[PDB]
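Below is one structure, written out as structure tokens; the observations come after it.
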Amino acid sequence: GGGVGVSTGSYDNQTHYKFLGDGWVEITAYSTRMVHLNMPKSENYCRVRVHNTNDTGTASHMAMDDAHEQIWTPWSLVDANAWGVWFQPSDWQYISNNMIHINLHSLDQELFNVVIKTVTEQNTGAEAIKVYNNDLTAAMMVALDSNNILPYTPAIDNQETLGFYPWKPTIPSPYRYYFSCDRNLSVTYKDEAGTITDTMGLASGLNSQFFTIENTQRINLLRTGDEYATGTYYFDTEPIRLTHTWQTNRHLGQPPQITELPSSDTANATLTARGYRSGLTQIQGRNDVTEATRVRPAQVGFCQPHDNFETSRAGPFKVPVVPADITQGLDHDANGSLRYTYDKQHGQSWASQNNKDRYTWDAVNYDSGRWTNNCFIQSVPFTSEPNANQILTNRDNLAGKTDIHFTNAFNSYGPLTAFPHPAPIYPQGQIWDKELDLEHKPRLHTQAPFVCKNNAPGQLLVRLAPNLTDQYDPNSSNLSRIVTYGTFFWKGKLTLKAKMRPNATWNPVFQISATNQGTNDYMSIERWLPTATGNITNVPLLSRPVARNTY
Amino acid sequence: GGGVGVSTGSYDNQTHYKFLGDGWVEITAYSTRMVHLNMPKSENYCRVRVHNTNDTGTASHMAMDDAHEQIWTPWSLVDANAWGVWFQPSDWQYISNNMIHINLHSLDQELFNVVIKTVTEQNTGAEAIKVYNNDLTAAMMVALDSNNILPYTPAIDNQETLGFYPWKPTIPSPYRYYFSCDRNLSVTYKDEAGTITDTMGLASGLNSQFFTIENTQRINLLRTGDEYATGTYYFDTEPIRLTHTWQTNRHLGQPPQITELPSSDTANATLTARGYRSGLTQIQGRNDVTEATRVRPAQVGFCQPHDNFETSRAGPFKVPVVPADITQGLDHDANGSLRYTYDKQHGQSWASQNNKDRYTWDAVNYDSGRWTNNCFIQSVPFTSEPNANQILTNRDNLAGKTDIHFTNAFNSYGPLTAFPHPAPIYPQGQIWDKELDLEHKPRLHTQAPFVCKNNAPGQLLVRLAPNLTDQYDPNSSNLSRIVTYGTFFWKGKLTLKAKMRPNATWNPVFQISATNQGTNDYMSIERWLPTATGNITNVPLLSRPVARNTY
Amino acid sequence: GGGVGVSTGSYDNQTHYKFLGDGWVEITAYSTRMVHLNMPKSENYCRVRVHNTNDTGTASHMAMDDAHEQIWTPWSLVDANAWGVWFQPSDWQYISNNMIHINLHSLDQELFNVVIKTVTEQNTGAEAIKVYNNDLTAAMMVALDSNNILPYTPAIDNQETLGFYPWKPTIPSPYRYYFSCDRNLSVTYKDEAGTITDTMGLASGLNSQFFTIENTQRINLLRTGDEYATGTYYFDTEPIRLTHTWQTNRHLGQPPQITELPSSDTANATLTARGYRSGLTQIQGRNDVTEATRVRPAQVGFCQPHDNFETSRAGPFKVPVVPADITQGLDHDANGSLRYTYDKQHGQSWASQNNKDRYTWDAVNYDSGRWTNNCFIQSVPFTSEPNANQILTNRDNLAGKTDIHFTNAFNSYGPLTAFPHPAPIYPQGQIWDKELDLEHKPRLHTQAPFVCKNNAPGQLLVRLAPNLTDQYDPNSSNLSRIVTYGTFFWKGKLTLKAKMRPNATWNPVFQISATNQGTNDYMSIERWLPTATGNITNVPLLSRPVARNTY
Ligand SMILES: CC(=O)N[C@@H]1[C@@H](O)[C@H](O[C@@H]2O[C@H](CO)[C@H](O)[C@H](O[C@]3(C(=O)O)C[C@H](O)[C@@H](NC(C)=O)[C@H]([C@H](O)[C@H](O)CO)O3)[C@H]2O)[C@@H](CO)O[C@H]1O
Ligand SMILES: CC(=O)N[C@@H]1[C@@H](O)[C@H](O[C@@H]2O[C@H](CO)[C@H](O)[C@H](O[C@]3(C(=O)O)C[C@H](O)[C@@H](NC(C)=O)[C@H]([C@H](O)[C@H](O)CO)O3)[C@H]2O)[C@@H](CO)O[C@H]1O
Ligand SMILES: CC(=O)N[C@@H]1[C@@H](O)[C@H](O[C@@H]2O[C@H](CO)[C@H](O)[C@H](O[C@]3(C(=O)O)C[C@H](O)[C@@H](NC(C)=O)[C@H]([C@H](O)[C@H](O)CO)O3)[C@H]2O)[C@@H](CO)O[C@H]1O
């Protein structure tokens, strides 16, 4: 039933594995958090703009423009979407090593053991002690948006999701969303003479959308004995592959036939002379077949315009880039490696004195990357040994500029392009994402492995109902109210489908393994262990350890 | 149902006896305690090491090395395993006198009448009074580990088990477990010149295990009206014998036949001359049969290496020793007598000004002990009247050292060895123990009479759920929280099977009996009685009073 | 049906995995080999002795004595018992990483596609060409001993088992067994004056056993179209644990309670003073409790007499030693680490110019090892700070000899001893073994994980039936016969039961992983890969990667 002095739920953070048959595993991940909620700093919906002129008023600083318009709401959201919420590091190891693909099934959520307290300051003076006592009749307002009427607002974008540590309490993310506003910011370079427009526009009768939680939602009122339960949500998603691909566009198909086996282990094999070699090529006018010029089934990976900034009405923004392997040439931005910034709750370490910690994720698929300094375009009719005018290298100045080269603006994407879908990032990364409502849709989102086809799981919104003092004027601009905060337990259940991997290879596969301390190896075990004072860190685990044959 | 203002359980500490048939008794022992729980001194799992260089940095002090590595947890354990929890002294007398063997059957446990209070300090100043008031919505976290996933950690090792006095409240033991770390400590003697290594190692990727209660367990949340009940656990164990054996290896079999009965009560009987005596001996080349040299069915008891310190990766440790009778020669360590150190809650007396009280338990089986100064080895071919070179005594210096003798290093254990299983120690001693997970297992554990064959009874873990103030930063290193403590009642039911003893002897058997005060006899009654100020002591009762025929 | 020109079997070397339910896996390993058989070098049973006087005629060389007596038989045995026959390296990785325990179920064997050819030398002269042609009517003799009447003779002892490479043909091991003979070899040291007896004895009417394959067995005759199939054999065995134990005798039980948590990550925690500490110890006369001297449930591991040579009638031999961890002190022989010697067929590399390759296997269980220089025995009554006469160290000269110390002769094994069962060695190691027919049996065999309780799987014996020329005299001492050899396919199916491991730990477990070439790390991948000329090596894989809680 429930009431004062009776718990409305239980605490389960453990993860379970059922083996359903041959190779198939049902993974059930329970997660529970104690959540700390503060009375909102304003009772009102606010429409606020951040316009930073100090940064953008001076030339060439375009890329740091923050200017936008947002609706601030008194509500806060409980957002469970990150991988670090659901699993402990060893679970991720076990899944990553043993399973060929995995998929989302269902999601459950609960709120229980609501506690609301009021704060009074007794013994006013140098002592200034605070007294804490229960308000048994106070309520917490809870709303779930199942129909996704409100703007969809993943909390992991700002790393505001529930913490990754079962035994540490966590806080909600305050709910907010963008509002339509036009921005004009002119494009300049460093120390350029002129004037930067740097203006924002008036509200648009066309594009204005102001949503209210109270008008769009059914709000449940939870006192202490109350509990709230979301129904079971079911994902419709495609499974993601947990094995990386090594196999480049030059590894596809049948190798050339060697003339004979080499005599010693140090010797190299030889091939039929390229003039006499059989094969298929799209080069005209030459009788040759070379491993580089032979036709392949598809383009694996593609060149992407990198550090591309395009401007629509809202302002400049960087065009996303499909994550691919940074090659031996290490260039990160061409291949669009992800870079995370996160706090102690989600990562970092309590030993760290910095405000945030940063990690650059490199794609684990060694096939589709591009190494730009070694890319080139050659003139037609094709020739062996091109001269300087017959080949375009990455050392060539585009539009007479020293640091701009054709690979900056070059886009090779086309019908023949094939690339792997990027990989989940265990402690910090977005599990699922809502699909855009546009008619023509992207083939993949960049940050999130799973995209909900029809309807995303709802956003769970909470706030404290206001406690009013004895004096309340509805027409007053300032509102006096009782200082109040609350805590509650969030529990959720995430079910996944996965399948065990085969091993057909003679040789041992790569695995995620712990390593002794004292060597600086990334997997050195002490990083997953507590310290003497209880400091702990949770760092990104490599994913997709095991290789796969593409073709 | 339960709620605020309704008790969720009852208090039964009394012990019951059912007589089920011929000689068979079902013993049901109820025990109840009020338990006092403090908010944990840290919210974090901590990995801490104690390395005492002051003791081990100087030579010959090896035996006092404390160095290890442990995981400190915020959780506390309620541990009912000691004999002093379950029985009052007269119950132990009654069982020990009348019963030939006894065995464990089942165990139940309950938690009820949870009370949680918060502490505030009013009237700040010289008065500095504390105010106590109920937090009705606060919860206590409870976890039972049935599957024994967590490291198994008997609280009686440190004497941290629940107190032995029904009317006195008791406290939990904080839960902690060892963590893998390597230690190097060199071996030295007193005033030896050199350097002692005395180092500890870095964490091991191989051996590191860090467990979390939240990740491995299902935690129940208990408010005031809530109660928790363990299911019934069932022991699989072998019964233990409650009668001692007197019968030495020289008492086995048929005595020699006397020539004639003696003439007076003071006279001694005589035997057939050893040269003419019939018998069986393993001595070669002599025609004799003596009571000492005649063959016996088995070796009763065996010589043990004593004060043996062996070193694996973790450090030096003393090898355990099967408890046996300290003989007329009184030597304790050769026969491995147990020595307990315990506090007022478990023993001692509230009249005592010492921090702890100490008792040395001597084995009650008078057969299998070894008296070392009278042990010797004799050369082959055997001879009567050996000279100094033909016999090895315990006065002989081994490796040219004054205080080391062969009985230190000598191990006689073999296929013919038979010894009694040691005995339970009533007020302070471990009732049951979990079996090691190794493949080749010890025949008995040294401290505990009962060893659980398959799965030990679960460990019962508790903590207070954190109470947070109005200001909580998840990323802050320091955590401010409301001062909170709680109390609850622990109740348990331990069922035992026992069988009454026969008496076939003409003469009266030895019994455990009280004795008048004024003589210093160990059983003097005032030790079991309260004092004027209420001080009470509970001291070890001898066990296995009644003799038994071995063969 | 079968006949000339029809194959009687198929080639399956692949390994299969069925998932039967929760955590349970049925592993089916097929293995197939082409076997090359030569006409035996003698048609007779021969009783031969090797007596090497050159080695043992001179003092101190006792340990190299090879002297024995054997029955040489014309038969050869096909022996499938090694782990390297059944699995490819990645299969062993997969099993070793993911499975907590494993057990033998059944064994099948087949012989098919028998080919027998005769050799004639045409064009006698400098050319001396050999001609090969089929003898269609020739037969191969096949016998399986199900009842184990013949002496049991594992071929892996000499590393004569079928090769580890599916695509490489292999040869049988010629069948032979020991014959009873007495040897006298006196014990001497280097450059000792005297005479060494070094004799062997005459045949014993008591102990002589001469077995014949033809008299004890039913032999099947296989021509080309014939095939042979063993029935299904079923093992009765205990499963073996695939997880190592780290937990030393000093890691057992509850750690001491620290006074307070340390202030900084560099600080060490402190414990209650040993004089005031509660606990249980077997030391008498001291009021202390130390981590080294506190009582533990059992002895984990034990000291073993090492390089112990005992002599029965047959000669000197080294006493086996239970494999245990070689500690930080690295001493191998005290802990009995295994050392293998093997050829290219079973290992090594075809790049190697040495005749054999050698590997020393160190036990993977980090608990039960002994580090001998740090072991010591201390005098009674116990004292802190012993002087030189009060402690026996490993630097102390035993019997006045420089290099002999008490740990050489010291045996701590007893009732309290517990140790792990050693681990399987993947490429080279014996899977199963027959149990000795003695009444009192060893608790484990040293080399083989699995011991057959009742009846071992039969030995499969083969030979070519003799081809006789036109001239045959039964009474002639020399036998002229047609040069003949044969080939056949051996196929076998080994079924195993295994169970997946749980992971309850927060931190990542250690795993077997491949590693990039260019670092000298043991797991560097190129060792599992072919070379340019086709050379390949198969090296021992570490086993039991994942840690386990002992207690
Ligand atoms: C090209 C050049 O001149 N220098 C580069 C250098 O920029 C690059 O990274 C630097 O070098 C250090 C090497 O110890 C780190 O890699 C630093 O990166 C940090 C970061 O991104 O801020 C530090 C941070 O602490 C790290 N993360 C954690 C959880 O500790 C991350 C992390 O290692 C990476 O993100 C991995 O993806 O890196 C940065 O100052 C180095 C890279 O080796 O190469 C030089 O040539
Ligand atoms: C050999 C020698 O030089 N002297 C020994 C002496 O060590 C030994 O014990 C001492 O003598 C007194 C006699 O009154 C006690 O036996 C002391 O032992 C204590 C102990 O272990 O600390 C005192 C303690 O108070 C006692 N326990 C309780 C509950 O009161 C225990 C207890 O009596 C024993 O453990 C019984 O097992 O003993 C100690 O100072 C004596 C023993 O008689 O013999 C001398 O020769
Ligand atoms: C104590 C001392 O004076 N020297 C030891 C030394 O004996 C010991 O081993 C030697 O050092 C080399 C180091 O490269 C090898 O370990 C050699 O061992 C061999 C062997 O057993 O013959 C060589 C062999 O090729 C190796 N096996 C394979 C398959 O390649 C094996 C193998 O590495 C081991 O058996 C592993 O168990 O070793 C030997 O000459 C070294 C060990 O590091 O330590 C010195 O201190």
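For the structure tokens, the naming scheme is as follows: chains receive sequential letters (A, B, ...) according to their order of presentation, residues are indexed from 1 within each chain, and ligands are indexed from 1 in presentation order.
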(request) Fewer than 6 positions away in the same chain doesn't count, so skip those; otherwise give me all residues within 7 Å of region 452-462 of chain C, counting only C-alpha atoms, as a count of residues only. (result) 19
(request) Excluding residue 269 (chain A) and any residue of its chain fewer than 2 positions from it, enumerate the residues within 7 Å of it, using only C-alpha atoms, and give them as a ChimeraX atom specification. (result) /A:258,260-262,267,271
(request) Return as number ranges by chain the residues of protein, DNA or RNA that approach ligand 2 to within 8 Å, with only C-alpha atoms and all ligand atoms taken into account. (result) B: 339-340, 348, 357-362, 539-540; C: 285, 287
Let's see if you can do this: from backbone DSSP, list all strand (DSSP E or B) residues in region 114-337 of chain A, as an mmCIF file with C-alpha atoms, in the first residue's frame.
```cif
data_model
loop_
_atom_site.group_PDB
_atom_site.id
_atom_site.type_symbol
_atom_site.label_atom_id
_atom_site.label_comp_id
_atom_site.auth_asym_id
_atom_site.auth_seq_id
_atom_site.Cartn_x
_atom_site.Cartn_y
_atom_site.Cartn_z
ATOM 1 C CA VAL A 114 10.439 10.340 -1.724
ATOM 2 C CA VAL A 115 11.792 12.411 1.154
ATOM 3 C CA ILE A 116 11.125 16.139 1.381
ATOM 4 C CA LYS A 117 12.636 18.324 4.081
ATOM 5 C CA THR A 118 12.484 21.986 5.021
ATOM 6 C CA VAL A 119 15.373 24.111 6.246
ATOM 7 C CA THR A 120 15.188 26.557 9.126
ATOM 8 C CA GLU A 121 18.086 28.479 10.644
ATOM 9 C CA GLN A 122 17.995 28.440 14.426
ATOM 10 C CA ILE A 129 23.089 26.426 12.808
ATOM 11 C CA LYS A 130 20.694 24.899 10.276
ATOM 12 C CA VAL A 131 17.868 22.623 11.354
ATOM 13 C CA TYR A 132 16.497 19.921 9.081
ATOM 14 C CA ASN A 133 13.100 18.350 9.543
ATOM 15 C CA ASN A 134 10.582 16.456 7.480
ATOM 16 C CA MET A 140 7.039 16.299 -5.570
ATOM 17 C CA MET A 141 5.681 16.865 -9.065
ATOM 18 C CA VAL A 142 6.500 14.154 -11.605
ATOM 19 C CA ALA A 143 5.808 14.147 -15.329
ATOM 20 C CA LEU A 144 6.784 11.712 -18.055
ATOM 21 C CA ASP A 145 6.418 12.764 -21.669
ATOM 22 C CA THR A 170 23.369 12.285 -7.925
ATOM 23 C CA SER A 173 19.609 18.108 -14.914
ATOM 24 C CA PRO A 174 17.528 21.293 -15.130
ATOM 25 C CA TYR A 175 15.278 21.148 -18.167
ATOM 26 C CA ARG A 176 15.652 23.723 -20.922
ATOM 27 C CA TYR A 177 15.318 23.935 -24.677
ATOM 28 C CA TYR A 178 16.286 26.141 -27.575
ATOM 29 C CA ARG A 183 21.787 35.481 -35.661
ATOM 30 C CA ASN A 184 24.063 37.376 -38.031
ATOM 31 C CA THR A 199 23.680 40.839 -34.121
ATOM 32 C CA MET A 200 20.667 38.792 -33.062
ATOM 33 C CA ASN A 220 1.646 13.118 -10.689
ATOM 34 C CA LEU A 221 1.923 14.407 -7.134
ATOM 35 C CA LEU A 222 4.145 12.290 -4.900
ATOM 36 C CA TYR A 228 5.778 6.405 -9.445
ATOM 37 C CA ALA A 229 6.390 3.808 -12.133
ATOM 38 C CA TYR A 233 9.076 1.046 -23.012
ATOM 39 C CA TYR A 234 10.116 -1.057 -25.999
ATOM 40 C CA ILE A 240 25.103 -2.825 -33.508
ATOM 41 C CA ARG A 241 28.208 -4.828 -34.308
ATOM 42 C CA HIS A 244 35.919 -4.059 -35.559
ATOM 43 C CA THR A 245 36.860 -4.307 -39.231
ATOM 44 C CA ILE A 258 52.916 -14.990 -56.396
ATOM 45 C CA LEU A 271 54.488 -11.096 -58.583
ATOM 46 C CA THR A 281 41.176 -1.591 -63.879
ATOM 47 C CA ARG A 294 42.881 -2.532 -59.627
ATOM 48 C CA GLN A 299 34.934 2.505 -51.585
ATOM 49 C CA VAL A 300 35.658 1.719 -47.937
ATOM 50 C CA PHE A 309 31.697 25.560 -40.801
ATOM 51 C CA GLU A 310 28.345 26.202 -42.456
ATOM 52 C CA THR A 311 25.930 28.986 -41.549
ATOM 53 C CA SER A 312 22.157 28.806 -41.530
ATOM 54 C CA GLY A 315 24.838 31.056 -36.812
ATOM 55 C CA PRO A 316 28.017 29.238 -37.745
ATOM 56 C CA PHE A 317 28.409 25.618 -36.762
ATOM 57 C CA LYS A 318 30.840 22.831 -37.508
#
```
(request) Would you mind listing the residues within 12 Å of ligand 1, counting only C-alpha atoms and all ligand atoms, as a ChimeraX atom specification? (result) /A:326,329-332,337-344,346-349,351-364,425,427-428,520-523,527,537-542
Could you pull the residues within 8 Å of residue 481 (chain C), counting only C-alpha atoms, minus those fewer than 6 positions along the same chain, as a PDB file with C-alpha atoms, in the first residue's frame?
```pdb
ATOM      1  CA  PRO C 466      53.991 -59.002 -42.490  1.00  0.00           C
ATOM      2  CA  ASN C 467      54.469 -59.365 -46.230  1.00  0.00           C
ATOM      3  CA  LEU C 468      56.523 -62.456 -46.940  1.00  0.00           C
ATOM      4  CA  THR C 469      58.692 -63.107 -49.967  1.00  0.00           C
TER       5      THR C 469
END
```
Could you pull out the alpha helix (DSSP H) residues of region 62-107 of chain C, going by DSSP on the backbone, and write them as a short mmCIF file (atom, residue, chain, number, x, y, z; two decimals) with N, CA, C and O atoms, in the first residue's frame?
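What landed in out19.cif:
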```cif
data_model
loop_
_atom_site.label_atom_id
_atom_site.label_comp_id
_atom_site.auth_asym_id
_atom_site.auth_seq_id
_atom_site.Cartn_x
_atom_site.Cartn_y
_atom_site.Cartn_z
N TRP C 83 46.63 -31.91 -24.80
CA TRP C 83 45.64 -30.89 -25.13
C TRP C 83 45.88 -30.34 -26.53
O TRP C 83 44.93 -29.93 -27.20
N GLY C 84 47.13 -30.32 -26.98
CA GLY C 84 47.44 -29.72 -28.26
C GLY C 84 46.86 -30.45 -29.45
O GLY C 84 46.78 -29.88 -30.54
N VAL C 85 46.46 -31.70 -29.26
CA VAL C 85 45.83 -32.43 -30.35
C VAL C 85 44.44 -31.88 -30.62
O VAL C 85 44.04 -31.71 -31.78
N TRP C 86 43.69 -31.62 -29.57
CA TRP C 86 42.26 -31.39 -29.72
C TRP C 86 41.90 -29.96 -30.09
O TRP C 86 40.86 -29.75 -30.71
N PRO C 89 44.82 -22.79 -30.92
CA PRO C 89 45.12 -21.84 -29.84
C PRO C 89 43.98 -20.90 -29.48
O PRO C 89 43.82 -20.58 -28.30
N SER C 90 43.19 -20.45 -30.45
CA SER C 90 42.11 -19.54 -30.12
C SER C 90 41.02 -20.23 -29.32
O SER C 90 40.39 -19.60 -28.46
N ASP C 91 40.77 -21.51 -29.59
CA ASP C 91 39.81 -22.25 -28.79
C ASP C 91 40.24 -22.28 -27.34
O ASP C 91 39.41 -22.14 -26.44
N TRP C 92 41.53 -22.46 -27.09
CA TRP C 92 42.00 -22.52 -25.71
C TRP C 92 41.84 -21.17 -25.04
O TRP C 92 41.44 -21.10 -23.87
N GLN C 93 42.14 -20.09 -25.76
CA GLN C 93 41.89 -18.75 -25.25
C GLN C 93 40.44 -18.60 -24.84
O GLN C 93 40.13 -18.18 -23.73
N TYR C 94 39.53 -18.91 -25.76
CA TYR C 94 38.12 -18.71 -25.52
C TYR C 94 37.66 -19.49 -24.30
O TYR C 94 36.93 -18.95 -23.45
N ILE C 95 38.06 -20.75 -24.18
CA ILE C 95 37.68 -21.54 -23.02
C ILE C 95 38.31 -20.97 -21.76
O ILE C 95 37.65 -20.83 -20.73
N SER C 96 39.60 -20.62 -21.83
CA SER C 96 40.30 -20.19 -20.63
C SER C 96 39.77 -18.87 -20.11
O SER C 96 39.76 -18.65 -18.90
N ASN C 97 39.33 -17.98 -20.99
CA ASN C 97 38.85 -16.70 -20.52
C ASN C 97 37.45 -16.79 -19.92
O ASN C 97 37.16 -16.13 -18.92
N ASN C 98 36.56 -17.55 -20.54
CA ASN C 98 35.15 -17.43 -20.24
C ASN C 98 34.57 -18.48 -19.31
O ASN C 98 33.39 -18.38 -18.98
#
```
(message) Env of residue 247 (chain A): 8 Å cut, atoms = only C-alpha atoms, seq-sep filter 6 positions within chain, self excluded. Answer as a PyMOL selection string.
(response) chain A and resi 366-367+549-551
